[PDB]
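> So here's work.pdb (PDB, C-alpha atoms).
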```
ATOM      1  CA  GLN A   1       8.492 -45.878 -85.999
ATOM      2  CA  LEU A   2      10.352 -48.357 -83.763
ATOM      3  CA  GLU A   3      13.300 -45.993 -84.404
ATOM      4  CA  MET A   4      11.231 -43.010 -83.191
ATOM      5  CA  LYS A   5      10.466 -44.845 -79.933
ATOM      6  CA  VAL A   6      14.073 -45.687 -79.418
ATOM      7  CA  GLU A   7      15.037 -42.043 -79.971
ATOM      8  CA  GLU A   8      12.360 -40.982 -77.478
ATOM      9  CA  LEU A   9      13.705 -43.514 -74.947
ATOM     10  CA  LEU A  10      17.310 -42.297 -75.427
ATOM     11  CA  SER A  11      16.277 -38.728 -74.689
ATOM     12  CA  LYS A  12      14.085 -39.679 -71.702
ATOM     13  CA  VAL A  13      16.845 -41.859 -70.183
ATOM     14  CA  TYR A  14      19.447 -39.028 -70.542
ATOM     15  CA  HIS A  15      17.028 -36.619 -68.816
ATOM     16  CA  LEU A  16      16.501 -39.236 -66.009
ATOM     17  CA  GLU A  17      20.210 -39.661 -65.598
ATOM     18  CA  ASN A  18      20.476 -35.884 -65.057
ATOM     19  CA  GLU A  19      17.419 -35.805 -62.676
ATOM     20  CA  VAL A  20      19.037 -38.571 -60.650
ATOM     21  CA  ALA A  21      22.334 -36.742 -60.584
ATOM     22  CA  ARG A  22      20.644 -33.527 -59.400
ATOM     23  CA  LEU A  23      18.770 -35.449 -56.633
ATOM     24  CA  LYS A  24      22.126 -36.842 -55.459
ATOM     25  CA  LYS A  25      23.525 -33.333 -55.312
ATOM     26  CA  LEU A  26      20.566 -32.136 -53.283
ATOM     27  CA  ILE A  27      20.660 -35.092 -50.847
ATOM     28  CA  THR A  28      24.357 -34.383 -50.308
ATOM     29  CA  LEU A  29      23.718 -30.799 -49.499
ATOM     30  CA  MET A  30      20.883 -31.902 -47.113
ATOM     31  CA  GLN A  31      23.127 -34.409 -45.267
ATOM     32  CA  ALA A  32      25.842 -31.813 -44.757
ATOM     33  CA  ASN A  33      23.274 -29.389 -43.345
ATOM     34  CA  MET A  34      20.937 -31.735 -41.379
ATOM     35  CA  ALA A  35      20.625 -31.776 -37.654
ATOM     36  CA  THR A  36      20.505 -35.354 -36.370
ATOM     37  CA  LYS A  37      18.918 -37.192 -33.487
ATOM     38  CA  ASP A  38      22.354 -37.299 -31.854
ATOM     39  CA  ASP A  39      22.553 -33.557 -32.157
ATOM     40  CA  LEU A  40      19.152 -33.295 -30.408
ATOM     41  CA  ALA A  41      20.428 -35.551 -27.603
ATOM     42  CA  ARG A  42      23.131 -32.957 -26.771
ATOM     43  CA  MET A  43      20.595 -30.125 -26.532
ATOM     44  CA  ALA A  44      18.740 -28.726 -23.581
ATOM     45  CA  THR A  45      14.964 -29.092 -23.666
ATOM     46  CA  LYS A  46      12.346 -26.566 -22.599
ATOM     47  CA  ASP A  47      11.535 -29.072 -19.831
ATOM     48  CA  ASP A  48      15.184 -29.073 -18.650
ATOM     49  CA  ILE A  49      14.897 -25.302 -17.932
ATOM     50  CA  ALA A  50      11.403 -25.245 -16.468
ATOM     51  CA  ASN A  51      12.783 -24.845 -12.945
ATOM     52  CA  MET A  52      15.574 -22.405 -13.953
ATOM     53  CA  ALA A  53      16.314 -19.533 -11.543
ATOM     54  CA  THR A  54      16.937 -16.207 -13.222
ATOM     55  CA  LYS A  55      19.173 -13.227 -12.499
ATOM     56  CA  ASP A  56      15.958 -11.308 -11.673
ATOM     57  CA  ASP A  57      15.040 -14.009  -9.048
ATOM     58  CA  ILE A  58      18.255 -13.277  -7.228
ATOM     59  CA  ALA A  59      18.383  -9.466  -7.742
ATOM     60  CA  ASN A  60      17.590  -8.956  -4.043
ATOM     61  CA  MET A  61      19.655 -11.808  -2.615
ATOM     62  CA  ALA A  62      21.359 -11.241   0.692
ATOM     63  CA  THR A  63      24.883 -12.519   1.015
ATOM     64  CA  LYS A  64      27.060 -14.172   3.635
ATOM     65  CA  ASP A  65      28.939 -10.856   3.869
ATOM     66  CA  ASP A  66      25.657  -9.057   4.822
ATOM     67  CA  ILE A  67      25.217 -11.666   7.654
ATOM     68  CA  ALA A  68      28.867 -11.212   8.799
ATOM     69  CA  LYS A  69      28.430  -7.401   8.998
ATOM     70  CA  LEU A  70      25.341  -7.749  11.195
ATOM     71  CA  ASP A  71      27.058 -10.297  13.373
ATOM     72  CA  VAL A  72      29.911  -7.825  14.015
ATOM     73  CA  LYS A  73      27.326  -5.161  15.094
ATOM     74  CA  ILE A  74      25.696  -7.688  17.412
ATOM     75  CA  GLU A  75      29.047  -8.755  19.019
ATOM     76  CA  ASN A  76      29.922  -5.102  19.600
ATOM     77  CA  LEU A  77      26.540  -4.417  21.293
ATOM     78  CA  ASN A  78      27.138  -7.553  23.470
ATOM     79  CA  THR A  79      30.494  -6.106  24.612
ATOM     80  CA  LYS A  80      28.904  -2.680  25.352
ATOM     81  CA  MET A  81      26.137  -4.397  27.279
ATOM     82  CA  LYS A  82      28.670  -6.278  29.420
ATOM     83  CA  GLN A  83      30.589  -3.098  30.142
ATOM     84  CA  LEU A  84      27.375  -1.426  31.350
ATOM     85  CA  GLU A  85      26.531  -4.530  33.431
ATOM     86  CA  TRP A  86      29.876  -4.292  35.198
ATOM     87  CA  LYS A  87      29.409  -0.616  35.998
ATOM     88  CA  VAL A  88      25.853  -1.308  37.323
ATOM     89  CA  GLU A  89      27.329  -4.094  39.576
ATOM     90  CA  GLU A  90      29.908  -1.637  41.006
ATOM     91  CA  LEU A  91      27.128   0.833  41.651
ATOM     92  CA  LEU A  92      24.806  -1.757  43.241
ATOM     93  CA  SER A  93      27.689  -2.499  45.662
ATOM     94  CA  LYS A  94      28.295   1.166  46.423
ATOM     95  CA  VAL A  95      24.575   1.802  47.037
ATOM     96  CA  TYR A  96      24.443  -1.195  49.470
ATOM     97  CA  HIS A  97      27.370   0.148  51.506
ATOM     98  CA  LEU A  98      25.900   3.669  51.495
ATOM     99  CA  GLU A  99      22.645   2.286  52.840
ATOM    100  CA  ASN A 100      24.582   0.629  55.687
ATOM    101  CA  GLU A 101      26.547   3.808  56.481
ATOM    102  CA  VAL A 102      23.347   5.887  56.486
ATOM    103  CA  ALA A 103      21.647   3.383  58.796
ATOM    104  CA  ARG A 104      24.498   3.677  61.259
ATOM    105  CA  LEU A 105      24.413   7.473  61.124
ATOM    106  CA  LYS A 106      20.621   7.513  61.722
ATOM    107  CA  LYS A 107      21.109   5.312  64.793
ATOM    108  CA  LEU A 108      23.809   7.655  66.124
ATOM    109  CA  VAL A 109      21.920  10.909  65.392
ATOM    110  CA  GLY A 110      18.325   9.774  66.306
ATOM    111  CA  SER A 111      16.070  12.825  66.405
ATOM    112  CA  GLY A 112      19.097  15.219  66.626
TER     113      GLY A 112
ATOM    114  CA  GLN B   1      11.343 -59.462 -80.159
ATOM    115  CA  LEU B   2      13.273 -56.181 -80.494
ATOM    116  CA  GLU B   3       9.765 -54.649 -80.290
ATOM    117  CA  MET B   4       9.089 -56.519 -77.018
ATOM    118  CA  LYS B   5      12.284 -55.070 -75.513
ATOM    119  CA  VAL B   6      11.363 -51.608 -76.583
ATOM    120  CA  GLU B   7       7.915 -52.004 -75.013
ATOM    121  CA  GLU B   8       9.545 -53.255 -71.807
ATOM    122  CA  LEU B   9      11.899 -50.241 -71.819
ATOM    123  CA  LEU B  10       8.996 -47.795 -72.369
ATOM    124  CA  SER B  11       7.161 -49.188 -69.362
ATOM    125  CA  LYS B  12      10.277 -49.282 -67.146
ATOM    126  CA  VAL B  13      11.221 -45.685 -68.067
ATOM    127  CA  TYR B  14       7.659 -44.419 -67.276
ATOM    128  CA  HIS B  15       7.813 -46.178 -63.883
ATOM    129  CA  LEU B  16      11.276 -44.559 -63.255
ATOM    130  CA  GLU B  17       9.946 -41.169 -64.173
ATOM    131  CA  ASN B  18       7.227 -41.635 -61.524
ATOM    132  CA  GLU B  19       9.730 -43.009 -58.904
ATOM    133  CA  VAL B  20      11.901 -39.959 -59.508
ATOM    134  CA  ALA B  21       8.934 -37.652 -59.195
ATOM    135  CA  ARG B  22       7.885 -39.280 -55.902
ATOM    136  CA  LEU B  23      11.474 -38.974 -54.528
ATOM    137  CA  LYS B  24      11.382 -35.252 -55.378
ATOM    138  CA  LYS B  25       8.130 -34.905 -53.482
ATOM    139  CA  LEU B  26       9.593 -36.656 -50.465
ATOM    140  CA  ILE B  27      12.838 -34.620 -50.483
ATOM    141  CA  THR B  28      10.722 -31.463 -50.608
ATOM    142  CA  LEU B  29       8.713 -32.497 -47.641
ATOM    143  CA  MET B  30      11.993 -33.386 -45.800
ATOM    144  CA  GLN B  31      13.581 -29.972 -46.543
ATOM    145  CA  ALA B  32      10.525 -28.121 -45.277
ATOM    146  CA  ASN B  33      10.602 -30.164 -42.070
ATOM    147  CA  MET B  34      14.383 -30.533 -41.433
ATOM    148  CA  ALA B  35      16.217 -28.931 -38.597
ATOM    149  CA  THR B  36      19.523 -27.487 -39.801
ATOM    150  CA  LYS B  37      22.959 -26.907 -38.364
ATOM    151  CA  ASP B  38      22.068 -23.217 -38.104
ATOM    152  CA  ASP B  39      19.034 -24.148 -36.088
ATOM    153  CA  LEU B  40      21.290 -26.168 -33.739
ATOM    154  CA  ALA B  41      23.592 -23.145 -33.359
ATOM    155  CA  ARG B  42      20.685 -21.143 -31.852
ATOM    156  CA  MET B  43      19.922 -23.846 -29.279
ATOM    157  CA  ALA B  44      21.097 -24.273 -25.736
ATOM    158  CA  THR B  45      23.196 -27.358 -25.042
ATOM    159  CA  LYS B  46      23.069 -29.639 -22.017
ATOM    160  CA  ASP B  47      26.571 -28.303 -21.277
ATOM    161  CA  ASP B  48      25.295 -24.687 -21.346
ATOM    162  CA  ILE B  49      22.931 -25.521 -18.424
ATOM    163  CA  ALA B  50      25.261 -27.709 -16.388
ATOM    164  CA  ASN B  51      25.841 -24.914 -13.872
ATOM    165  CA  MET B  52      22.191 -23.715 -13.855
ATOM    166  CA  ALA B  53      20.743 -22.629 -10.489
ATOM    167  CA  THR B  54      17.203 -23.787  -9.866
ATOM    168  CA  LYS B  55      14.189 -22.326  -8.082
ATOM    169  CA  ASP B  56      14.704 -25.069  -5.453
ATOM    170  CA  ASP B  57      18.342 -23.844  -4.911
ATOM    171  CA  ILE B  58      17.014 -20.455  -3.941
ATOM    172  CA  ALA B  59      13.871 -21.568  -2.022
ATOM    173  CA  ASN B  60      15.517 -20.518   1.257
ATOM    174  CA  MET B  61      17.267 -17.372   0.039
ATOM    175  CA  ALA B  62      17.467 -14.457   2.410
ATOM    176  CA  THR B  63      16.829 -11.049   0.951
ATOM    177  CA  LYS B  64      18.153  -7.522   1.327
ATOM    178  CA  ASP B  65      14.847  -6.684   3.046
ATOM    179  CA  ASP B  66      15.541  -9.390   5.713
ATOM    180  CA  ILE B  67      18.966  -7.688   6.341
ATOM    181  CA  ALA B  68      17.333  -4.204   6.525
ATOM    182  CA  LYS B  69      14.784  -5.431   9.122
ATOM    183  CA  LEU B  70      17.541  -6.816  11.352
ATOM    184  CA  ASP B  71      19.567  -3.663  10.969
ATOM    185  CA  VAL B  72      16.592  -1.601  12.221
ATOM    186  CA  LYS B  73      16.351  -3.885  15.331
ATOM    187  CA  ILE B  74      20.074  -3.446  15.936
ATOM    188  CA  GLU B  75      19.932   0.403  15.610
ATOM    189  CA  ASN B  76      17.023   0.495  18.054
ATOM    190  CA  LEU B  77      18.928  -1.645  20.617
ATOM    191  CA  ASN B  78      21.946   0.727  20.164
ATOM    192  CA  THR B  79      19.712   3.715  21.031
ATOM    193  CA  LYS B  80      18.260   1.895  24.096
ATOM    194  CA  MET B  81      21.764   0.991  25.201
ATOM    195  CA  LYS B  82      22.871   4.633  24.987
ATOM    196  CA  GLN B  83      19.863   5.781  26.975
ATOM    197  CA  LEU B  84      20.732   3.290  29.738
ATOM    198  CA  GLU B  85      24.394   4.409  29.608
ATOM    199  CA  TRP B  86      23.349   8.003  30.202
ATOM    200  CA  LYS B  87      21.181   7.084  33.173
ATOM    201  CA  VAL B  88      24.040   4.965  34.662
ATOM    202  CA  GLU B  89      26.396   8.015  34.252
ATOM    203  CA  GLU B  90      23.918  10.245  36.155
ATOM    204  CA  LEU B  91      23.726   7.633  38.872
ATOM    205  CA  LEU B  92      27.515   7.151  39.075
ATOM    206  CA  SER B  93      27.720  10.935  39.678
ATOM    207  CA  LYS B  94      25.014  10.889  42.334
ATOM    208  CA  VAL B  95      26.645   7.945  44.149
ATOM    209  CA  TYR B  96      30.032   9.803  44.163
ATOM    210  CA  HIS B  97      28.484  12.905  45.743
ATOM    211  CA  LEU B  98      26.569  10.789  48.275
ATOM    212  CA  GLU B  99      29.806   9.106  49.278
ATOM    213  CA  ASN B 100      31.352  12.547  49.883
ATOM    214  CA  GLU B 101      28.354  13.769  51.913
ATOM    215  CA  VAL B 102      28.378  10.590  54.023
ATOM    216  CA  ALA B 103      32.115  10.959  54.654
ATOM    217  CA  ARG B 104      31.580  14.476  55.931
ATOM    218  CA  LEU B 105      28.719  13.378  58.178
ATOM    219  CA  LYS B 106      30.825  10.518  59.635
ATOM    220  CA  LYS B 107      33.592  13.005  60.451
ATOM    221  CA  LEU B 108      31.096  15.316  62.178
ATOM    222  CA  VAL B 109      29.268  12.561  64.117
ATOM    223  CA  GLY B 110      32.295  10.317  65.039
ATOM    224  CA  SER B 111      31.168   7.724  67.569
ATOM    225  CA  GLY B 112      27.981   9.740  68.413
TER     226      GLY B 112
ATOM    227  CA  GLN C   1      22.694 -50.757 -84.869
ATOM    228  CA  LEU C   2      19.137 -50.151 -83.609
ATOM    229  CA  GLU C   3      19.812 -53.350 -81.606
ATOM    230  CA  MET C   4      22.994 -51.811 -80.135
ATOM    231  CA  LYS C   5      21.000 -48.778 -78.955
ATOM    232  CA  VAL C   6      18.388 -50.950 -77.391
ATOM    233  CA  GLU C   7      21.081 -52.932 -75.566
ATOM    234  CA  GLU C   8      22.635 -49.669 -74.365
ATOM    235  CA  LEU C   9      19.211 -48.483 -73.138
ATOM    236  CA  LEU C  10      18.568 -51.785 -71.295
ATOM    237  CA  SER C  11      21.848 -51.461 -69.427
ATOM    238  CA  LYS C  12      21.363 -47.750 -68.642
ATOM    239  CA  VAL C  13      17.797 -48.333 -67.370
ATOM    240  CA  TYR C  14      18.957 -51.217 -65.078
ATOM    241  CA  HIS C  15      21.701 -48.958 -63.664
ATOM    242  CA  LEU C  16      19.058 -46.181 -63.104
ATOM    243  CA  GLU C  17      16.770 -48.599 -61.366
ATOM    244  CA  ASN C  18      19.633 -49.421 -58.967
ATOM    245  CA  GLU C  19      20.588 -45.694 -58.505
ATOM    246  CA  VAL C  20      16.966 -44.964 -57.651
ATOM    247  CA  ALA C  21      16.841 -47.855 -55.233
ATOM    248  CA  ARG C  22      20.036 -46.677 -53.500
ATOM    249  CA  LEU C  23      18.645 -43.092 -53.220
ATOM    250  CA  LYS C  24      15.528 -44.532 -51.550
ATOM    251  CA  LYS C  25      17.712 -46.377 -49.077
ATOM    252  CA  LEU C  26      19.638 -43.221 -48.279
ATOM    253  CA  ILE C  27      16.504 -41.050 -47.889
ATOM    254  CA  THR C  28      15.129 -43.668 -45.497
ATOM    255  CA  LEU C  29      18.209 -43.600 -43.394
ATOM    256  CA  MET C  30      18.072 -39.737 -43.418
ATOM    257  CA  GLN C  31      14.403 -39.651 -42.293
ATOM    258  CA  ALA C  32      15.086 -42.027 -39.420
ATOM    259  CA  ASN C  33      17.998 -39.853 -38.299
ATOM    260  CA  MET C  34      16.692 -36.304 -39.033
ATOM    261  CA  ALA C  35      15.844 -33.778 -36.411
ATOM    262  CA  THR C  36      12.599 -31.996 -37.284
ATOM    263  CA  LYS C  37      11.106 -28.577 -36.750
ATOM    264  CA  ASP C  38       8.897 -30.121 -34.063
ATOM    265  CA  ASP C  39      11.985 -31.402 -32.341
ATOM    266  CA  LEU C  40      13.425 -27.850 -32.412
ATOM    267  CA  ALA C  41      10.194 -26.516 -30.875
ATOM    268  CA  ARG C  42      10.797 -28.685 -27.767
ATOM    269  CA  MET C  43      14.337 -27.356 -27.306
ATOM    270  CA  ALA C  44      15.646 -24.514 -25.229
ATOM    271  CA  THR C  45      17.227 -21.646 -27.148
ATOM    272  CA  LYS C  46      20.338 -19.671 -26.255
ATOM    273  CA  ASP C  47      17.938 -16.733 -25.795
ATOM    274  CA  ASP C  48      15.829 -18.741 -23.298
ATOM    275  CA  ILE C  49      18.915 -19.040 -21.015
ATOM    276  CA  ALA C  50      20.305 -15.541 -21.442
ATOM    277  CA  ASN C  51      19.041 -14.517 -18.003
ATOM    278  CA  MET C  52      19.951 -17.842 -16.306
ATOM    279  CA  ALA C  53      21.343 -17.645 -12.753
ATOM    280  CA  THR C  54      24.233 -19.981 -12.077
ATOM    281  CA  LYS C  55      25.416 -21.966  -9.066
ATOM    282  CA  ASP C  56      28.380 -19.538  -8.920
ATOM    283  CA  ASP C  57      25.909 -16.559  -8.710
ATOM    284  CA  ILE C  58      24.456 -18.036  -5.564
ATOM    285  CA  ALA C  59      27.691 -19.410  -3.997
ATOM    286  CA  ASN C  60      27.544 -16.679  -1.335
ATOM    287  CA  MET C  61      23.786 -16.628  -0.771
ATOM    288  CA  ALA C  62      22.556 -16.021   2.733
ATOM    289  CA  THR C  63      19.673 -18.138   3.899
ATOM    290  CA  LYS C  64      16.546 -17.744   5.997
ATOM    291  CA  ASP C  65      18.311 -19.845   8.652
ATOM    292  CA  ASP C  66      21.175 -17.259   8.803
ATOM    293  CA  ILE C  67      18.490 -14.534   9.425
ATOM    294  CA  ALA C  68      16.768 -16.680  12.122
ATOM    295  CA  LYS C  69      20.096 -17.195  13.971
ATOM    296  CA  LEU C  70      20.760 -13.447  14.069
ATOM    297  CA  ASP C  71      17.231 -12.754  15.189
ATOM    298  CA  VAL C  72      17.709 -15.122  18.160
ATOM    299  CA  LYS C  73      20.915 -13.199  19.144
ATOM    300  CA  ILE C  74      19.018  -9.919  18.896
ATOM    301  CA  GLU C  75      16.062 -11.172  21.049
ATOM    302  CA  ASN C  76      18.511 -12.396  23.685
ATOM    303  CA  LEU C  77      20.308  -8.999  23.790
ATOM    304  CA  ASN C  78      16.844  -7.319  24.122
ATOM    305  CA  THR C  79      16.092  -9.498  27.180
ATOM    306  CA  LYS C  80      19.529  -8.721  28.730
ATOM    307  CA  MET C  81      18.967  -5.034  28.089
ATOM    308  CA  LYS C  82      15.599  -5.142  29.873
ATOM    309  CA  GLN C  83      17.105  -6.942  32.843
ATOM    310  CA  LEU C  84      19.764  -4.217  33.152
ATOM    311  CA  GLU C  85      17.062  -1.525  32.789
ATOM    312  CA  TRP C  86      15.150  -3.006  35.706
ATOM    313  CA  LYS C  87      18.224  -3.097  37.923
ATOM    314  CA  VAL C  88      19.059   0.553  36.993
ATOM    315  CA  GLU C  89      15.432   1.533  37.943
ATOM    316  CA  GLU C  90      15.828  -0.142  41.374
ATOM    317  CA  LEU C  91      19.082   1.709  41.851
ATOM    318  CA  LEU C  92      17.664   5.078  40.722
ATOM    319  CA  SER C  93      14.997   4.590  43.437
ATOM    320  CA  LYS C  94      17.542   3.676  46.094
ATOM    321  CA  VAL C  95      19.746   6.676  45.221
ATOM    322  CA  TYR C  96      16.691   9.025  45.489
ATOM    323  CA  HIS C  97      15.831   7.741  48.972
ATOM    324  CA  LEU C  98      19.482   7.944  50.062
ATOM    325  CA  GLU C  99      19.590  11.555  48.937
ATOM    326  CA  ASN C 100      16.519  12.269  51.096
ATOM    327  CA  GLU C 101      17.982  10.480  54.138
ATOM    328  CA  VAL C 102      21.285  12.353  53.758
ATOM    329  CA  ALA C 103      19.445  15.675  53.484
ATOM    330  CA  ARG C 104      17.641  14.976  56.731
ATOM    331  CA  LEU C 105      20.870  13.996  58.479
ATOM    332  CA  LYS C 106      22.618  17.192  57.266
ATOM    333  CA  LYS C 107      19.752  19.265  58.679
ATOM    334  CA  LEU C 108      20.018  17.467  62.033
ATOM    335  CA  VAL C 109      23.841  17.610  62.267
ATOM    336  CA  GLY C 110      24.436  21.148  60.793
ATOM    337  CA  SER C 111      28.055  22.126  61.384
ATOM    338  CA  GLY C 112      28.491  19.390  64.079
TER     339      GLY C 112
END
```
I need this file expressed as structure tokens, please.


Amino acid sequence: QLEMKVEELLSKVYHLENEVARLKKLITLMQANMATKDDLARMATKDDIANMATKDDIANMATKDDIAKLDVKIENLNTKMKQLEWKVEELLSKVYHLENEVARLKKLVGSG
Amino acid sequence: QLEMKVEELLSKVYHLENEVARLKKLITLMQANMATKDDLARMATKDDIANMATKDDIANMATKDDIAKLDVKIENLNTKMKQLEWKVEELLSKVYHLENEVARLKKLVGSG
Amino acid sequence: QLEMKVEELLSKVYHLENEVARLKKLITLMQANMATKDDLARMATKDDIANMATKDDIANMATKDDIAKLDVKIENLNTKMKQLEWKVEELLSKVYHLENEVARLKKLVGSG
């Protein structure tokens, strides 16, 4: 009777020893595979990327090279404009002298 | 006496059985709720976003459509410039012929 | 004999009590340090940043201020162009009247 209880206890303690050993095995496997709070500290949050620009946001982005190409076109038009200005100035001068010459001729010819 | 110790052991083993059972329950709950190393492998790090562009970085971005609109303005100025060039050429020609006509008249009139 | 087994069981149960206590300590430390599924839900994934624009992507970005500066250059060329147009118009008029005056003089002078 007492002896039965002791036998029962021997069996139950051996089974507990094994249950404890298996829990240790499991906890070990868990620790090797667990992400930690430190791990989380190295990670980007959703909030960290809430103001992220995407490749689609910039798909139509102009570049500094686009600006430089336009600036070249503008400088070349400025040079052409100056060249025309100079020719107009030469002509303005020639027209003024022609007007003077014609005035003199009209004085000299009168009614003919 | 022996019997007391056996009773003590019976109680202590039943309590251990329950403690072990509760630990199993807890470990189960932990495994269902644990983030894993594989989970971490799918996540973005802080380092991964260190060179991220933001929506504020691009708030003043020019576009390809801004460049196209300027280019249209530049092409239209080029056409206007050519039109003026052509009219200046016509005038240069007319001034040259007037100069010739006036020269001939001055020869024919002399001092009047 | 029975007494030996009981002594053995007493020792083994005390050691189990301590093993269980140490497992509880460990599990506690694990729970305090574990990242959770909720934690993972707050984190950015690699997939979330797959379309991220970088600071290098925008290193050559033109700005709205670059566009405004070109537009000023273009407006100023437009004004210069108009000014030249007006002077050409004045000259066209003067050339037309000179042509008329010279025609009249040629009629009046004839062969001289």

> Hey, which bits of chain C sit within 6 Å of chain B, and for each residue what's the closest pair of atoms and how far apart in Å (one decimal), counting only C-alpha atoms, rows by chain and increasing number, as CSV?


```
residue,atom,partner,partner_atom,distance
C:35,CA,B:35,CA,5.3
C:36,CA,B:34,CA,4.7
C:37,CA,B:35,CA,5.4
C:44,CA,B:44,CA,5.5
C:45,CA,B:43,CA,4.1
C:46,CA,B:44,CA,4.7
C:53,CA,B:53,CA,5.5
C:54,CA,B:52,CA,4.6
C:55,CA,B:53,CA,4.9
C:62,CA,B:62,CA,5.3
C:63,CA,B:62,CA,4.5
C:64,CA,B:62,CA,5.0
C:112,CA,B:108,CA,5.2
```

> Please, what distance in Å, to one decimal, runs between CA of residue 11 (chain A) and CA of residue 11 (chain C)?

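Separating CA of residue 11 (chain A) from CA of residue 11 (chain C) is a distance of 14.9 Å.
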
> Can you show chain B as a compact mmCIF listing (two decimals) with C-alpha atoms, in the frame of the given file once it has been least-squares superposed onto chain C, using every C-alpha atom paired in order?


```
# COMPACT_ATOMS: atom_id res chain seq x y z
CA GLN B 1 22.69 -50.76 -84.87
CA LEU B 2 19.14 -50.15 -83.61
CA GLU B 3 19.81 -53.35 -81.61
CA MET B 4 22.99 -51.81 -80.13
CA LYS B 5 21.00 -48.78 -78.95
CA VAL B 6 18.39 -50.95 -77.39
CA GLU B 7 21.08 -52.93 -75.57
CA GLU B 8 22.63 -49.67 -74.36
CA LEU B 9 19.21 -48.48 -73.14
CA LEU B 10 18.57 -51.78 -71.29
CA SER B 11 21.85 -51.46 -69.43
CA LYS B 12 21.36 -47.75 -68.64
CA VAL B 13 17.80 -48.33 -67.37
CA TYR B 14 18.96 -51.22 -65.08
CA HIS B 15 21.70 -48.96 -63.66
CA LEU B 16 19.06 -46.18 -63.10
CA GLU B 17 16.77 -48.60 -61.37
CA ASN B 18 19.63 -49.42 -58.97
CA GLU B 19 20.59 -45.69 -58.51
CA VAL B 20 16.97 -44.96 -57.65
CA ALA B 21 16.84 -47.85 -55.23
CA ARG B 22 20.04 -46.68 -53.50
CA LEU B 23 18.65 -43.09 -53.22
CA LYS B 24 15.53 -44.53 -51.55
CA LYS B 25 17.71 -46.38 -49.08
CA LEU B 26 19.64 -43.22 -48.28
CA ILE B 27 16.50 -41.05 -47.89
CA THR B 28 15.13 -43.67 -45.50
CA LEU B 29 18.21 -43.60 -43.39
CA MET B 30 18.07 -39.74 -43.42
CA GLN B 31 14.40 -39.65 -42.29
CA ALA B 32 15.09 -42.03 -39.42
CA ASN B 33 18.00 -39.85 -38.30
CA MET B 34 16.69 -36.30 -39.03
CA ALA B 35 15.84 -33.78 -36.41
CA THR B 36 12.60 -32.00 -37.28
CA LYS B 37 11.11 -28.58 -36.75
CA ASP B 38 8.90 -30.12 -34.06
CA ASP B 39 11.98 -31.40 -32.34
CA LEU B 40 13.42 -27.85 -32.41
CA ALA B 41 10.19 -26.52 -30.87
CA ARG B 42 10.80 -28.69 -27.77
CA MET B 43 14.34 -27.36 -27.31
CA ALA B 44 15.65 -24.51 -25.23
CA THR B 45 17.23 -21.65 -27.15
CA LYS B 46 20.34 -19.67 -26.26
CA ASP B 47 17.94 -16.73 -25.80
CA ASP B 48 15.83 -18.74 -23.30
CA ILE B 49 18.91 -19.04 -21.01
CA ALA B 50 20.31 -15.54 -21.44
CA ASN B 51 19.04 -14.52 -18.00
CA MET B 52 19.95 -17.84 -16.31
CA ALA B 53 21.34 -17.64 -12.75
CA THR B 54 24.23 -19.98 -12.08
CA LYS B 55 25.42 -21.97 -9.07
CA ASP B 56 28.38 -19.54 -8.92
CA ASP B 57 25.91 -16.56 -8.71
CA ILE B 58 24.46 -18.04 -5.56
CA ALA B 59 27.69 -19.41 -4.00
CA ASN B 60 27.54 -16.68 -1.33
CA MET B 61 23.79 -16.63 -0.77
CA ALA B 62 22.56 -16.02 2.73
CA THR B 63 19.67 -18.14 3.90
CA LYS B 64 16.55 -17.74 6.00
CA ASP B 65 18.31 -19.85 8.65
CA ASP B 66 21.18 -17.26 8.80
CA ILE B 67 18.49 -14.53 9.42
CA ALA B 68 16.77 -16.68 12.12
CA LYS B 69 20.10 -17.19 13.97
CA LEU B 70 20.76 -13.45 14.07
CA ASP B 71 17.23 -12.75 15.19
CA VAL B 72 17.71 -15.12 18.16
CA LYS B 73 20.92 -13.20 19.14
CA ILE B 74 19.02 -9.92 18.90
CA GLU B 75 16.06 -11.17 21.05
CA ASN B 76 18.51 -12.40 23.68
CA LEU B 77 20.31 -9.00 23.79
CA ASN B 78 16.84 -7.32 24.12
CA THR B 79 16.09 -9.50 27.18
CA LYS B 80 19.53 -8.72 28.73
CA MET B 81 18.97 -5.03 28.09
CA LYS B 82 15.60 -5.14 29.87
CA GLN B 83 17.10 -6.94 32.84
CA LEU B 84 19.76 -4.22 33.15
CA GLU B 85 17.06 -1.52 32.79
CA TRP B 86 15.15 -3.01 35.71
CA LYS B 87 18.22 -3.10 37.92
CA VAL B 88 19.06 0.55 36.99
CA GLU B 89 15.43 1.53 37.94
CA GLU B 90 15.83 -0.14 41.37
CA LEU B 91 19.08 1.71 41.85
CA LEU B 92 17.66 5.08 40.72
CA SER B 93 15.00 4.59 43.44
CA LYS B 94 17.54 3.68 46.09
CA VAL B 95 19.75 6.68 45.22
CA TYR B 96 16.69 9.02 45.49
CA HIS B 97 15.83 7.74 48.97
CA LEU B 98 19.48 7.94 50.06
CA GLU B 99 19.59 11.56 48.94
CA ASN B 100 16.52 12.27 51.10
CA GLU B 101 17.98 10.48 54.14
CA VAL B 102 21.28 12.35 53.76
CA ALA B 103 19.44 15.68 53.48
CA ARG B 104 17.64 14.98 56.73
CA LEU B 105 20.87 14.00 58.48
CA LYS B 106 22.62 17.19 57.27
CA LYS B 107 19.75 19.26 58.68
CA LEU B 108 20.02 17.47 62.03
CA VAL B 109 23.84 17.61 62.27
CA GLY B 110 24.44 21.15 60.79
CA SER B 111 28.05 22.13 61.38
CA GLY B 112 28.49 19.39 64.08
```

> Padding of 8 Å on every side, edges along x, y and z, all listed atoms of region 49-63 of chain C included: what centre and edge lengths in Å, to one decimal, does that box have, as lines of an AutoDock Vina configuration file?


```
center_x = 23.6
center_y = -18.2
center_z = -8.8
size_x = 25.5
size_y = 23.4
size_z = 41.3
```
